Amino acid sequence: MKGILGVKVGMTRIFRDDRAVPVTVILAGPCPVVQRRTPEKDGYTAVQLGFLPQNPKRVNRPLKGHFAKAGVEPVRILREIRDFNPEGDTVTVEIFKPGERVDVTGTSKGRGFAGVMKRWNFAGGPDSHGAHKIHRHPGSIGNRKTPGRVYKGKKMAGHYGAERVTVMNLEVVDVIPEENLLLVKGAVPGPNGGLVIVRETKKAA
Amino acid sequence: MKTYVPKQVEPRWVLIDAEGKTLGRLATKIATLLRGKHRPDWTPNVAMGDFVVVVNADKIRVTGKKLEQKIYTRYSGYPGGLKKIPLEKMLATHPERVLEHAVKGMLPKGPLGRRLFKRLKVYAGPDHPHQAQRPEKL
Amino acid sequence: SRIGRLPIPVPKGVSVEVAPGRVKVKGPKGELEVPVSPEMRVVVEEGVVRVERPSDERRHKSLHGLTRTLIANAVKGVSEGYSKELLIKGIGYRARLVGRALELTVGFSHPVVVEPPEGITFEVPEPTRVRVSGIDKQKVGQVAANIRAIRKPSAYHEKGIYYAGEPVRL
RNA sequence: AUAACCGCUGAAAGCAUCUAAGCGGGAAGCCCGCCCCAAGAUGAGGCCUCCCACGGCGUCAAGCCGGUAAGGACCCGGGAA
RNA sequence: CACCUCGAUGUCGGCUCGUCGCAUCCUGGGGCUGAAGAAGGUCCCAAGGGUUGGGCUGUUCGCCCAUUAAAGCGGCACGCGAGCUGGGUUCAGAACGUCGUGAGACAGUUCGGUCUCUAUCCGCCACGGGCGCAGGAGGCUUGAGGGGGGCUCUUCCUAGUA
Ligand SMILES: [Mg+2]
Ligand SMILES: [Mg+2]
Ligand SMILES: [Mg+2]
Ligand SMILES: [Mg+2]
Ligand SMILES: [Mg+2]
Ligand SMILES: [Mg+2]
Ligand SMILES: [Mg+2]
Ligand SMILES: [Mg+2]
Ligand SMILES: [Mg+2]
Ligand SMILES: [Mg+2]
Ligand SMILES: [Mg+2]
Ligand SMILES: [Mg+2]
Ligand SMILES: [Mg+2]
Ligand SMILES: [Mg+2]
Ligand SMILES: [Mg+2]
Ligand SMILES: [Mg+2]
Ligand SMILES: [Mg+2]
Ligand SMILES: [Mg+2]
Ligand SMILES: [Mg+2]
Ligand SMILES: [Mg+2]
Ligand SMILES: [Mg+2]
Ligand SMILES: [Mg+2]
Ligand SMILES: [Mg+2]
Ligand SMILES: [Mg+2]
Ligand SMILES: [Mg+2]
Ligand SMILES: [Mg+2]
Ligand SMILES: [Mg+2]
Ligand SMILES: [Mg+2]
Ligand SMILES: [Mg+2]
Ligand SMILES: [Mg+2]
Ligand SMILES: [Mg+2]
Ligand SMILES: [Mg+2]
Ligand SMILES: [Mg+2]
Ligand SMILES: [Mg+2]
Ligand SMILES: [Mg+2]
Ligand SMILES: [Mg+2]
Ligand SMILES: [Mg+2]
Ligand SMILES: [Mg+2]
Ligand SMILES: [Mg+2]
Ligand SMILES: [Mg+2]
Ligand SMILES: [Mg+2]
Ligand SMILES: [Mg+2]
Ligand SMILES: [Mg+2]
Ligand SMILES: [Mg+2]
Ligand SMILES: [Mg+2]
Ligand SMILES: [Mg+2]
Ligand SMILES: [Mg+2]
Ligand SMILES: [Mg+2]
Ligand SMILES: [Mg+2]
Ligand SMILES: [Mg+2]
Ligand SMILES: [Mg+2]
Ligand SMILES: [Mg+2]
Numbered sequence: 001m002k003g004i005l006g007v008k009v010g011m012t013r014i015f016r017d018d019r020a021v022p023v024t025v026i027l028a029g030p031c032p033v034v035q036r037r038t039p040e041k042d043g044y045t046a047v048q049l050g051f052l053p054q055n056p057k058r059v060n061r062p063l064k065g066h067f068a069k070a071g072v073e074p075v076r077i078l079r080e081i082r083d084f085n086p087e088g089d090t091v092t093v094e095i096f097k098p099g100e101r102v103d104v105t106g107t108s109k110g111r112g113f114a115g116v117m118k119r120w121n122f123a124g125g126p127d128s129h130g131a132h133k134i135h136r137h138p139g140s141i142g143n144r145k146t147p148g149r150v151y152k153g154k155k156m157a158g159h160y161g162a163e164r165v166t167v168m169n170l171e172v173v174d175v176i177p178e179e180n181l182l183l184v185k186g187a188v189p190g191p192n193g194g195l196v197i198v199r200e201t202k203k204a205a
Numbered sequence: 001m002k003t004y005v006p007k008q009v010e011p012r013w014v015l016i017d018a019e020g021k022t023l024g025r026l027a028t029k030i031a032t033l034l035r036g037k038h039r040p041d042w043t044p045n046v047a048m049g050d051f052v053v054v055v056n057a058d059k060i061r062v063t064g065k066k067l068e069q070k071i072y073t074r075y076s077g078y079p080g081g082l083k084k085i086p087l088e089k090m091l092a093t094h095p096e097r098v099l100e101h102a103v104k105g106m107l108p109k110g111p112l113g114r115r116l117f118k119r120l121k122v123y124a125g126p127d128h129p130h131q132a133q134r135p136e137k138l
Numbered sequence: 002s003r004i005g006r007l008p009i010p011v012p013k014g015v016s017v018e019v020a021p022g023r024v025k026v027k028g029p030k031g032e033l034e035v036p037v038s039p040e041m042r043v044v045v046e047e048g049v050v051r052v053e054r055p056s057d058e059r060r061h062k063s064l065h066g067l068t069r070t071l072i073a074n075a076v077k078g079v080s081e082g083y084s085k086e087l088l089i090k091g092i093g094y095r096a097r098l099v100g101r102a103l104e105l106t107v108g109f110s111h112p113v114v115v116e117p118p119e120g121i122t123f124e125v126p127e128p129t130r131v132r133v134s135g136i137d138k139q140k141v142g143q144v145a146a147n148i149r150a151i152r153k154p155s156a157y158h159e160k161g162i163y164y165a166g167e168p169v170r171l
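Protein chains in written order, with the authors' numbering: chain AE, 1 to 205; chain AM, 1 to 138; chain AH, 2 to 171.
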């Protein structure tokens with residue numbers, strides 16, 4: 001179930017078959033598999049997949065040269081791939097052919113305390129007529145004596161954004177192995193320079 | 001003459017089979033066992049009861065059309081968050097819950113009611129950790 | 002009066018073995034296992050196999066006939082027990098056959114392949130008539146039904162998969 | 001896996017019956033599947049990798065005080081947080 | 001009817017935000033048809049989601065225009081004024097008709113007419129601090145259990161075939 005880590009680089013249009021193709025260039029660098037963990041001593045199947053190299057030994061003792069190729073532990077080994085057993089070593093952009101759909105998981109841009117209406121697309125109040133200090137307010141939040149309380153999931157204002165988000169079934173417009181670049185078209189979450197993980201699609205699986 | 005009251009006494013362990021045993025009928029007993037009400041030094045405020053182990057928990061028999069008709073409900077704090085679960089699915093998904101649940105509801109409520117439930121290790125089919133004793137019974 | 006329950010089956014080149022829960026027939030055409038009520042004792046006599054009920058309760062009588070018949074079929078089964086007709090009427094409607102699998106074109110924007118289950122054998126003596134061969138009979142009647150169920154008769158005129166029998170109306 | 005329903009096999013009730021024993025089909029619904037949260041799941045799970053088994057006291061029960069180790073904070077430069 | 005509330009349980013309609021019931025408006029699945037087909041009628045299952053924009057009137061409702069797969073009926077203090085509105089009702093001004101000798105009066109009409117910055121507890125949306133998870137740490141995780149989502153039309157091929 002091929003997966004790979006990477007950083008959202010940017011967006012741009014492509015042109016193909018005399019057609020504009022809006023895409024999001026993600027860099028899916030070589031991912032040194034550092035652990036596997038099978039139903040033997042884990043109960044499932046995955047692949048620790050350390051990403052960006054870096055670390056002039058800000059690595060301390062929790063380092064794992066245990067699995068040979070630690071090639072100086074990477075900044076974010078974080079996240080396995082679950083039910084993926086690679087070409088033995090080092091996973092790269094090669095796992096993706098132009099024309100495959102993919103599921104990108106990202107960390108959506110944060111908006112902090114966002115009001116109902118944005119958080120939730122509420123209509124708020126009228127900007128004129130009666131009006132009165134309730135223009136962007138949520139209105140009523142309940143009934144009367146029964147139930148005499150607010151529902152468990154009542155859509156209200158709160159922190160919104162900066163969360164796990166997975167835009168699904170994205171076309172792979174192109175892949176450039178020379179530079180570990182991968183071009184999906186459109187809507188990958190989070191900011192540029194944020195970390196994402198690209199996976200096989202779930203439309204087929 | 002003050003009534004006698006036991007000291008720390010013995011942490012007993014008992015093994016039961018389950019397979020073929022009804023359910024509530026077995027639950028009744030496992031409860032009385034859980035709170036040493038068979039012991040002549042029974043005490044309501046202490047918890048001087050046996051630890052019960054149960055194997056073959058999935059071969060619990062049951063009468064009538066209870067496999068289909070009997071339903072376990074669960075309310076999440078949310079709207080429409082009342083889930084309904086029939087015996088069949090439970091057993092097929094999580095046996096050892098069907099019996100655990102029949103005993104939980106037959107132990108008294110309270111902080112001591114709990115704990116007594118903790119002293120109950122229900123397992124699917126046979127097998128389990130055999131650290132302590134296990135004088136099997138009926 | 003006179004109940005298809007306590008009469009007696011038959012033998013001839015076929016075996017019968019009573020287990021407390023079921024009975025195994027077996028014959029020149031294969032073997033069948035007949036799950037039967039734990040109550041109700043089936044006994045194997047000379048060239049026959051009686052079935053007798055414990056009580057006379059309206060509930061034991063009901064299980065009696067059933068049990069008797071249920072076994073007998075298994076006996077007819079292991080010595081020729083298949084059949085079930087299947088005559089496909091209607092104009093453009095024809096039935097072919099692809100190896101073990103039966104392919105029939107009955108008016109859709111496509112033909113329907115009806116690959117057969119184990120124990121069952123398909124035959125198409127002429128393209129406008131099929132037959133379902135088997136030992137089971139519960140399976141035969143099922144598969145025969147399924148195949149016909151692909152829509153069919155009942156219509157406003159002779160069009161669709163019929164059994165051998167059933168005339169129809171307007 | 002099911003609803004209405006459609007059937008197979010089939011007695012009671014010789015015939016017949018989808019049903020009383022059984023089995024098969026059958027819904028935008030139900031359970032999974034997708035997405036997100038989630039071990040305070042006090043039933044607090046797992047795997048990998050690190051530091052180690054001090055000094056006095058507590059004479060026994062669990063402890064008390066220091067330094068320490070792997071680490072971790074404090075402080076500071078910042079951040080689509 | 002007059003049982004809690006008159007040392008106060010703010011009253012219609014709109015707005016906002018919903019949530020639930022199913023006696024189902026649409027979509028899914030069915031049986032019957034006085035069902036040729038297409039299209040309907042009628043009853044059964046089904047509450048997952050959906051269920052338009054305008055003119056008139058304070059209106060709810062309803063009539064109407066243009067659409068639609070459909071323009072569903074109800075409950076929640078005729079849900080929701082410590083959330084808004086204040087057009088209606090429902091104080092003091094004024095007028096008409098009417099009634100009364102009169103002062104005045106009208107589920108009759110008319111024009112006007114003070115809607116009160118601070119959330120303690122519960123509840124809800126978010127975010128932490130503490131302790132626990134019996135050695136202490138840095139990573140990576142399983143998912144018990146929750147939540148989200150769930151709609152639908154047109155055209156074309158089949159085939160102008162049955
Ligand atoms: Mg921000
Ligand atoms: Mg939003
Ligand atoms: Mg918008
Ligand atoms: Mg809106
Ligand atoms: Mg509006
Ligand atoms: Mg606005
Ligand atoms: Mg105002
Ligand atoms: Mg204003
Ligand atoms: Mg209020
Ligand atoms: Mg099925
Ligand atoms: Mg029949
Ligand atoms: Mg069925
Ligand atoms: Mg089925
Ligand atoms: Mg759908
Ligand atoms: Mg998670
Ligand atoms: Mg842990
Ligand atoms: Mg691991
Ligand atoms: Mg009164
Ligand atoms: Mg009175
Ligand atoms: Mg008061
Ligand atoms: Mg008050
Ligand atoms: Mg009706
Ligand atoms: Mg319908
Ligand atoms: Mg028609
Ligand atoms: Mg109809
Ligand atoms: Mg109904
Ligand atoms: Mg108006
Ligand atoms: Mg209306
Ligand atoms: Mg009106
Ligand atoms: Mg309208
Ligand atoms: Mg409503
Ligand atoms: Mg009322
Ligand atoms: Mg009201
Ligand atoms: Mg107000
Ligand atoms: Mg109001
Ligand atoms: Mg007014
Ligand atoms: Mg005003
Ligand atoms: Mg006068
Ligand atoms: Mg008045
Ligand atoms: Mg006015
Ligand atoms: Mg004025
Ligand atoms: Mg007025
Ligand atoms: Mg106020
Ligand atoms: Mg309170
Ligand atoms: Mg906390
Ligand atoms: Mg523990
Ligand atoms: Mg779950
Ligand atoms: Mg839900
Ligand atoms: Mg769910
Ligand atoms: Mg929902
Ligand atoms: Mg024409
Ligand atoms: Mg055709």
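All C-beta atoms, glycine included, are put in the ideal place defined by N, C-alpha and C.
Query raised in the report: Which two residues bound the contiguous beta strand (DSSP E) that contains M11(AE)?
Result: Reading the first sequence from its first residue, position 11 is the one you call residue 11(AE). Here the beta strand (DSSP E) through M11(AE) covers 3-13.
Requested in this report: Output, in chain order, the set of chain AM residues within a Cβ distance shorter than 8 Å of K152(AE).
Outcome: In the first sequence, the residue the question calls residue 152(AE) occupies position 152. Going along chain AM in sequence order, the residues near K152(AE) (Cβ under 8 Å) are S76, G77, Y78, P79, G81.
Query raised in the report: Three-state secondary structure (DSSP) at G43(AE)?
Result: Sequence index remark: in the first sequence, residue 43(AE) carries index 43 (1-based). The answer is coil: DSSP assigns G43(AE) none of H, G, I, E or B.
Report task. Return the chain-ordered list of same chain residues with a C-beta closer than 6 Å to the C-beta of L87(AM), the five sequence neighbours on each side being excluded. Result -> Along the second sequence, one-based indexing puts residue 87(AM) at 87. Contacts found: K66, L67, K70.
Query raised in the report: Around the C-beta of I4(AH), are 16 or more other C-beta atoms found within 10 angstroms, so that it is buried, or is it exposed?
Result: On the third sequence, residue 4(AH) is found 3 positions in, with the first residue counted as 1. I4(AH) is exposed by the Cβ-count criterion.
**Report entry** C-alpha gap between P39(AH) and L82(AM), whole angstroms
**Finding:** Position 38 of the third sequence holds residue 39(AH). Position 82 of the second sequence holds residue 82(AM). The alpha-carbon of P39(AH) is positioned some 41 Å away from that of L82(AM).
Query raised in the report: Among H132(AE), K154(AE), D127(AE), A131(AE), which has the Cα closest to the Cα of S140(AE)?
Result: Locating residue 140(AE) in the first sequence gives position 140, counting from the first residue. Of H132(AE), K154(AE), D127(AE), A131(AE), the residue nearest in Cα terms is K154(AE).
Query raised in the report: So, using beta-carbon positions, are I9(AH) and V50(AH) closer together than 8 Å?
Result: Here the question's residue 9(AH) lines up with position 8 in the third sequence. Here the question's residue 50(AH) lines up with position 49 in the third sequence. Yes, the Cβ-Cβ distance between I9(AH) and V50(AH) is below 8 Å.
Query - Outcome for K137(AM) when other beta-carbon atoms lying within 10 angstroms are tallied against a minimum of 16 - result: Counting from one through the second sequence, the residue named residue 137(AM) turns up at place 137. Around the beta carbon of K137(AM), a 10 Å sphere encloses fewer than 16 other beta carbons of the protein chains shown; the residue is thus reported as exposed.
Requested in this report: Spell out the partners DSSP gives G106(AE) in its beta bridges.
Outcome: Mapped onto the first sequence, residue 106(AE) falls at position 106. According to DSSP, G106(AE) bridges with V165(AE).
Query - For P11(AM) and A114(AE), the rounded distance between their alpha carbons - result: Walking along the first sequence from the start, residue 114(AE) turns up at place 114. Walking along the second sequence from the start, residue 11(AM) turns up at place 11. Each residue's alpha carbon lies about 56 Å from the other.
Query raised in the report: Where DSSP assigns a beta bridge to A114(AE), which residues make up the other side?
Result: One-based indexing of the first sequence puts residue 114(AE) at position 114. Its beta-bridge partners are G158(AE).
Query raised in the report: Near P126(AM), which residues of its chain fall below 7 Å by C-beta distance, leaving aside the five closest residues on each side in sequence?
Result: Along the second sequence, one-based indexing puts residue 126(AM) at 126. Excluding sequence neighbours, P126(AM) sits near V55, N56.
Report task. Compute the Euclidean distance between the alpha carbons of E171(AE) and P138(AE), then round it to the nearest angstrom. Result -> As a working mapping, residue 171(AE) is identified with position 171 in the first sequence. As a working mapping, residue 138(AE) is identified with position 138 in the first sequence. Answer to the nearest angstrom: the Cα atoms are 38 Å apart.
Query raised in the report: Roughly how many whole angstroms lie between the Cα atoms of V133(AH) and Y83(AH)?
Result: Within the third sequence, numbered from 1, the residue matching residue 133(AH) stands at position 132. Within the third sequence, numbered from 1, the residue matching residue 83(AH) stands at position 82. CA-to-CA, the gap between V133(AH) and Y83(AH) works out to about 7 Å.
Query raised in the report: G158(AE) to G112(AE), Cα distance in whole Å?
Result: For this step, residue 158(AE) is matched to residue 158 along the first sequence. For this step, residue 112(AE) is matched to residue 112 along the first sequence. Approximately 8 Å between the Cα atoms of the pair.
Query - Cβ separation of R101(AH) and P117(AH), assumed to be a contact under 8 Å, to the nearest whole Å - result: Position 100 of the third sequence, counting from 1, holds the residue named residue 101(AH). Position 116 of the third sequence, counting from 1, holds the residue named residue 117(AH). About 6 Å separates the two Cβ atoms, so the contact holds.
Report task. Could you please give me the residues that DSSP links to residue 1(AH) through a beta bridge? Result -> This structure cannot settle anything about residue 1(AH), because the visible part of chain AH is limited to 2 through 171.
Query raised in the report: Between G65(AE) and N192(AE), is the Cβ-Cβ spacing less than 8 Å?
Result: For the purposes of this step, residue 65(AE) is taken as the residue at position 65 of the first sequence. For the purposes of this step, residue 192(AE) is taken as the residue at position 192 of the first sequence. No; because the gap between Cβ atoms is not below 8 Å, this pair is not in contact.
Report task. For the alpha helix (DSSP H) holding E100(AM), just list the boundary residues, first then last. Result -> What you label residue 100(AM) is simply residue 100 of the second sequence in a count that begins at 1. Under the DSSP assignment, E100(AM) falls in the alpha helix (DSSP H) whose first and last residues are 98-104.
Query raised in the report: Along the chain, where does the beta strand (DSSP E) that runs through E53(AH) open and close?
Result: Locating residue 53(AH) in the third sequence gives position 52, where the first residue counts as 1. Counting along the chain, the beta strand (DSSP E) containing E53(AH) begins and ends at 49-53.
Query raised in the report: Do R13(AE) and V21(AE) have their C-beta atoms closer together than 8 Å?
Result: Working through the first sequence from its first residue, we reach residue 13(AE) at position 13. Working through the first sequence from its first residue, we reach residue 21(AE) at position 21. In this structure, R13(AE) lies near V21(AE), with their beta-carbon atoms less than 8 Å apart.
Requested in this report: Could you tell me which residues DSSP puts in a beta bridge with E34(AH)?
Outcome: In the third sequence, counting from the first residue as 1, residue 34(AH) sits at position 33. Answer is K25(AH).
Query raised in the report: Would you report the Cα separation of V11(AH) and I136(AH), rounded to the nearest angstrom?
Result: If you number the third sequence from 1, residue 11(AH) lands on position 10. If you number the third sequence from 1, residue 136(AH) lands on position 135. A direct Cα-Cα distance of roughly 17 Å separates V11(AH) from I136(AH).
Query - Whether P32(AE) touches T90(AE) by CB criterion (8 Å) - result: To locate residue 32(AE), count along the first sequence from 1; it is residue 32. To locate residue 90(AE), count along the first sequence from 1; it is residue 90. Yes; because the gap between Cβ atoms is below 8 Å, this pair is in contact.
Query raised in the report: If you run the structure through DSSP and keep just helix, strand and coil, what is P98(AE)?
Result: Along the first sequence, one-based indexing puts residue 98(AE) at 98. Here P98(AE) sits in strand by DSSP.
Query raised in the report: Using the C-alpha atoms, what's the distance from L107(AM) back to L33(AM)?
Result: Along the second sequence, read from residue 1 onward, the residue named residue 33(AM) stands at position 33. Along the second sequence, read from residue 1 onward, the residue named residue 107(AM) stands at position 107. One C-alpha to the other measures close to 10 Å.
Requested in this report: Could you work out which residue in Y163(AH), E32(AH), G22(AH) is closest to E81(AH) when comparing CA atoms only?
Outcome: Here the question's residue 81(AH) lines up with position 80 in the third sequence. Measuring from the Cα of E81(AH), the nearest candidate turns out to be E32(AH).
Query - Span separating the alpha-carbon of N169(AE) from that of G88(AE) - result: Within the first sequence, numbered from 1, the residue matching residue 169(AE) stands at position 169. Within the first sequence, numbered from 1, the residue matching residue 88(AE) stands at position 88. Rounded to whole angstroms, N169(AE) to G88(AE) spans 26 Å at the Cα level.
Report task. Could you please go through the chain and list the residues whose beta-carbon is closer than 7 Å to any non-hydrogen atom of ligand 2? Result -> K118(AE), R119(AE), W120(AE), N121(AE)
Query - Complete alpha helix (DSSP H) runs within the segment 107-166 of chain AH (minimum length 4 residues, chain order) - result: 139-150
Query raised in the report: Taking all protein chains shown into account, do 16 or more other C-beta atoms lie within 10 angstroms of the C-beta of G77(AM), making it buried, or fewer, making it exposed?
Result: To locate residue 77(AM), count along the second sequence from 1; it is residue 77. Flag for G77(AM) reads exposed.
Requested in this report: Decide if the segment 99-106 of chain AE is in contact with the segment 5-19 of chain AM; the criterion is three or more beta carbon pairs, one per stretch, under 8 Å apart.
Outcome: no
**Report entry** Inter-stretch contact at 8 Å, needing at least 3 Cβ pairs: the segment 18-31 of chain AH / the segment 39-53 of chain AM
**Finding:** no
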